[PDB]
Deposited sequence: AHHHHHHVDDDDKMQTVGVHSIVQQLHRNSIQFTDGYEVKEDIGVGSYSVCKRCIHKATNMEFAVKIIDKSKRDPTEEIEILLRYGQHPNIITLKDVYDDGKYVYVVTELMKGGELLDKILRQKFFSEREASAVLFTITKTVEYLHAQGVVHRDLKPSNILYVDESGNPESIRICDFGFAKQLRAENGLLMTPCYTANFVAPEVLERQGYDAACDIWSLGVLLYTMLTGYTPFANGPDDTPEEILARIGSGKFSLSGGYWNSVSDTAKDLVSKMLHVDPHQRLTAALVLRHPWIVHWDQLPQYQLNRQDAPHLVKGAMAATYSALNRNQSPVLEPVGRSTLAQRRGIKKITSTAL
């Protein structure tokens, strides 16, 4: 029965030092705001306490915000009814959106982008944290520098830390403590779902289209059907100028069975991430239809989270 501190109705009000502006994103309420003191751009996430408890997420942001590739928390408030998670704004747009519009995008470049991301996911996992919503629309650029250092994993709304039955936070390594079985199980599947979403990312980065969807009109049943089959083509036209190490890595990360699927750690050991200096550099023969992909991607996760 320790104190949280995250439960705080202090004096200063959020809208007392911040000026709200237009909306942002596309299931969590977000808006752009300005610091009424330094006039700097910030992103704020408003949450209804009556509809959800954000304590879990807020803490994850605090203890793991320092990570360069994790959206940084800059401030937070609680007016009693809502909670104002003030983080840094993303002016670089969605990472996938930008990359899919770069005709001269190579594997060596795509391999660097994924390396940076997985490196972040590995750390999170190592500290007993899973995202459980690691879709491409939640991976963005902080600025338009174009470099991987400006990559940010965002929206830890559905994130969950690992802890024993009594409440102690433990890492996937430390086992001495007593943790519920189904919990240790769910924490294993969740960590696999993240890697799978990264497989969806790499897939789209290479080809130019979504693996389990063609457009925003595909029926939920046919998509889930493709997802349940564990079958995906890697010998199409767009798959001609693609190395086998890529095709291989892409099949491993997307392995239908979670157990046989690679973990963040293993992914980083794959020769496609390790021997990146061997990878090709000539532009990838891809499909140019980022808007359609954005529709297909949304249709995919829409069916997934249908339940």
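> Would you list the gaps, meaning deposited-sequence stretches without C-alpha coordinates, in the order they occur?
Those stretches are 1-19, 46-47, 329-355, listed in order.
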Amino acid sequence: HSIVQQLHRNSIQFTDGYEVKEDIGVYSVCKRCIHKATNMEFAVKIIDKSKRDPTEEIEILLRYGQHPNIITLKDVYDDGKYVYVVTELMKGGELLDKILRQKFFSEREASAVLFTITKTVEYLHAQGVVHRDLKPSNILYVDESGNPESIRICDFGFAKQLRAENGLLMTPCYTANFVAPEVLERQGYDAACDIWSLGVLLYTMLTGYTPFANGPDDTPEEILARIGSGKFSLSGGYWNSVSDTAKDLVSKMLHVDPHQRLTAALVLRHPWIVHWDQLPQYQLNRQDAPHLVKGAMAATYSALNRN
From here on, numbers count along this sequence of modelled residues.
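Just so we're on the same page, rigid core means the largest C-alpha set that superposes within 1.5 Å between forms.
> After fitting on the rigid core, pick out whichever of 11-19 or 284-292 shows the bigger RMS C-alpha deviation in 4 other deposited structures of this protein.
More C-alpha displacement in 4 other deposited structures of this protein shows up in 11-19.
> Fitting on the rigid core only, I'd like to know which of the two stretches, 83-91 or 222-230, ends up farther away in Cα terms in 4 other deposited structures of this protein.
With the rigid core superposed, the C-alphas that lie farther in 4 other deposited structures of this protein are those of 222-230.
> Can you tell me whether 288-296 has a higher mean C-alpha B factor than 6-14 in this record, or the other way round?
Taking the mean C-alpha B-factor of 288-296 and of 6-14, the larger value falls to 6-14.
> Between 33-41 and 55-63, which has the larger average Cα B-factor in the PDB entry?
Of 55-63 and 33-41, the stretch with the higher C-alpha B-factor average is 33-41.
> Among 171, 116, 204, 138, single out the one with the highest C-alpha B factor in the record, please.
The record points to 171.
> Just grab whichever of 122, 182, 221, 88 has the top CA B-factor as deposited.
So the option with the highest C-alpha B-factor is 182.
> Among the modelled residues of its chain, does the C-alpha B-factor of residue 268 lie in the lowest, middle or highest third?
It belongs to the middle third of the chain when residues are ordered by C-alpha B-factor.
> Comparing against every modelled residue in the chain, figure out the third that the C-alpha B-factor of residue 147 lands in (lowest, middle or highest).
For residue 147, the deposited C-alpha B-factor lands in the middle third.
> Which third, lowest, middle or highest, does the C-alpha temperature factor of residue 251 belong to within its own chain?
Ranked within chain, residue 251 CA B lands in the middle tercile.
> Per the entry's values, where does residue 215 land by CA temperature factor relative to the rest of its chain, in the lowest, middle or highest third?
Its C-alpha B-factor, which the entry lists for residue 215, ranks in the lowest third among residues of this chain.
> Where does the C-alpha B-factor of residue 109 rank in its chain, lowest, middle or highest third?
Ranked within chain, residue 109 CA B lands in the middle tercile.
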